[PDB]
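Participant: the amino acid sequence is not available; the structure is as follows:
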Ligand SMILES: C[S@@+](CC[C@H](N)C(=O)[O-])C[C@H]1O[C@@H](n2cnc3c(N)ncnc32)[C@H](O)[C@@H]1O
Ligand SMILES: C[S@@+](CC[C@H](N)C(=O)[O-])C[C@H]1O[C@@H](n2cnc3c(N)ncnc32)[C@H](O)[C@@H]1O
């Protein structure tokens, strides 16, 4: 009744990654491709089962494993995946990531939860092709009031997929009211499409708020909608938020107005802005985009980070705290440490490593997917003898 | 009149380390040593000031910098160092590390505080030579009821120093009552390990206790006096503590009895004991001793850890937590990840990295002194799809 099962044969000796729960197979690791595009079973050289997933040569990864046990990629399968995801996020409040792609056994799907509204992103050909199957499953398990789709245009384009933005189900407000620990950020959907909201900094934002003392001065660089700055203000500190996105600063402005809190705002670029500040500030926070495409780009990126951190440290009060985050898998903690050491040497400052943090639980770091870890943060305190 | 300032000259280009707050200068890095042994000033090839410290060719490190600004290593200097150290530990409770060597600007000195009793160790010739100077300063600033000295016998010998164990000030009880979060461990000081107690695990113990649910089973391996095990018991879990030190397990028994808590105990070695257990356990904690004392020993110790972690994972219940600590500078997070991946692959288990932690604030990690960081912990959760 059906066409023959699509079956992929993995090169001998390259099946170990799949057996060890790494979901991606590239072209050179496939001994024999399936006789078409779609849901496929992967087997080893001796024909033993390895995975069921999606085969499509047009995808950046030709085979992405969806499951590591036999079975279909049907409605019930997706129901179980979303049920697992939901359970993993129990007690994580109302604003959190629900689905973090392959780490949640759902390659190419990101789902963020803001109260009763979901915002999702589809990043791979397999997940796009299975949309008619998994979406009803998602709606059934979560039962949201509405679902919005945003697009990583370049990610879609690299997968040969069209951009896709809009309400996919139910009702989504024109202004998404993102709530985090009593703070409400009114984010217009246009901004939600372009950027979104950085749920991955939630635990850093909580740690930061507990450290702020009334009367202190805070510099929140790459602030976006000002999660850090607003918390500083709530604690009685003076905060200056810096971002090049005027739309994002507009949200921070409104969010601060709602609470009768005063936050200073600078619309401008991080490095030029910091070069024009005198300081000092008791906390300086840096959350730069650190786009690294190739490893050879790393020394140049680290030199730029040194320029930024040198200004940040110059602006740092005695015994103050400097927060340096990187959201690239290619930029390791060791690289951040090197950057900090170079900047400190330029200024003759002595620093202590106060905390090192990694992305929170709703953005799972899988042991088996080395690139699962992308966000890490180095918190330094000025430590004079 | 005094003799000329003892003056050491650093080889051209090797002075950057000292300028950047790394205190150790090695034989191959010294162009011209001072006249004799004792308090010496280090200057660069151009004669500019670098540091004041202690020069002694008998020490592992011929020159250790005590201060990076001009001045004597007198009583007032040490008073200032202990005052700084004391202030850094405000709000860290009544028990904590007070002085963590070089990271606290006091090379070769460790001071732990247990209420009104200090336990210290002196690890290099400089500190030993200056004890008539710094001990009264320590007593003046901290005003303890008693001070006990233990020796890292091996380290002392490396410095050409004798064993020193005993009371060096005031009154120290035969049995040191170490208090931590409502737990009281009666530790006989004579048969105690190191300073008596592992204060470096305090934050991990707190994190762990918050995760234990009643009825769960806990396996606490390398338990020492049972800080983890006892916390499990108080939360209503069944705990089995494993350690090869019968004296330490005796302390655990007394601590548990005082609180009316039941903890199971196995006197035995970790790997043999785990090989004979069936399990499963909801939490498995592995806190091995240093293990890797020299870099050459790393591969053999990683093979041992793979064996240990394989058994621990086999013993881990579905969705259970596995804690793996390393307290050696030579054994890094990346090594722990590698060990975990190998063990998980052997068993066909899928794990998530739940938390990575580093040593607490009272054991400062100086950006400028890599070896000030020795403890890091990988916490994994079983993560089936
Ligand atoms: C990863 S987000 C920071 C998130 C923020 N820390 C939070 O807690 O929500 C990076 C931000 O940097 C801004 N940005 C990118 N390049 C910039 C630059 N050169 N100068 C200032 N802001 C920049 C973007 O607008 C974006 O809001
Ligand atoms: C770093 S301490 C563990 C401290 C403990 N986890 C705590 O929180 O206090 C290492 C412990 O390992 C024990 N030990 C050393 N080798 C062992 C072995 N082969 N088997 C079992 N215990 C061992 C020592 O007696 C010591 O108590």
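Facilitator: Perfect, thanks for sending it. Numbering: from 1, shown residues only, chains lettered A, B, ... in the order given. Ligands and ions are numbered 1, 2, ... in the order given.

Participant: longest strand anywhere in chain A?
Facilitator: The longest strand of chain A (DSSP state E) is strand A:316-326.

Participant: any residue of that strand touching ligand 1?
Facilitator: No: under the criterion of Cβ under 6 Å from any ligand atom, strand A:316-326 makes no contact with ligand 1; the nearest approach is 7.4 Å. Where C-beta positions appear, they are placed from N, C-alpha and C, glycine not excepted.

Participant: repeat for stretch A:150-162
Facilitator: No: judged by Cβ under 6 Å from any ligand atom, stretch A:150-162 stays clear of ligand 1, getting no closer than 13.9 Å.

Participant: from the middle of its chain, how far away would that stretch be?
Facilitator: 17 Å (Cα atoms, centre = their mean, to the nearest Å).

Participant: likewise for stretch A:91-98?
Facilitator: Taking Cα atoms, centre = their mean, the mean C-alpha location of stretch A:91-98 is offset from the chain mean by 14 Å.

Participant: same check, this time on stretch A:13-29
Facilitator: That offset, for stretch A:13-29, works out to 25 Å (Cα atoms, centre = their mean).

Participant: the helix or strand that comes right after the longest strand of chain A near chain B at all?
Facilitator: Next helix or strand after strand A:316-326 toward the C-terminus (DSSP states H and E): helix A:333-347. Yes: residues of helix A:333-347 contacting chain B under Cβ under 8 Å from any Cβ of the partner chain: A:337, A:340, A:341, A:344, A:345.

Participant: is it true that the second one touches residue A:323?
Facilitator: No: Residue A:340 lies out of contact with residue A:323 (Cβ atoms under 8 Å); the separation is 11.2 Å.

Participant: what is in contact with these two at once?
Facilitator: Shared contacts of residue A:340 and residue A:323, defined by Cβ atoms under 8 Å, 6 or more residues apart in numbering or on different chains, are found at A:378, A:380.

Participant: report the separation between residue A:257 and ligand 1.
Facilitator: Distance, residue A:257 to ligand 1, using Cβ to the nearest ligand atom, to the nearest Å: 18 Å.

Participant: over to that residue. Which of the three states is it?
Facilitator: State at residue A:257, reduced to three classes by DSSP: H, G, I helix; E, B strand; the rest coil: helix.

Participant: which residues are in contact with it?
Facilitator: Neighbours of residue A:257 in contact, by Cβ under 8 Å, 6+ apart: none.

Participant: buried residues in whichever strand or helix holds residue A:356?
Facilitator: Here residue A:356 sits within strand A:351-358, counting by DSSP H and E. By 16 or more other Cβ atoms under 10 Å in any protein chain shown, the buried positions in strand A:351-358 come out as A:351, A:352, A:353, A:354, A:355, A:356, A:357, A:358.

Participant: let's have these in a markdown table, adding distance to chain B.
Facilitator: Output for the buried residues of strand A:351-358, formatted as a markdown table (distance: Cβ to the nearest Cβ, whole Å):
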| residue | distance to chain B |
| --- | --- |
| A:351 | 4 |
| A:352 | 5 |
| A:353 | 4 |
| A:354 | 7 |
| A:355 | 8 |
| A:356 | 6 |
| A:357 | 9 |
| A:358 | 6 |
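
Participant: sweet, I'm off.
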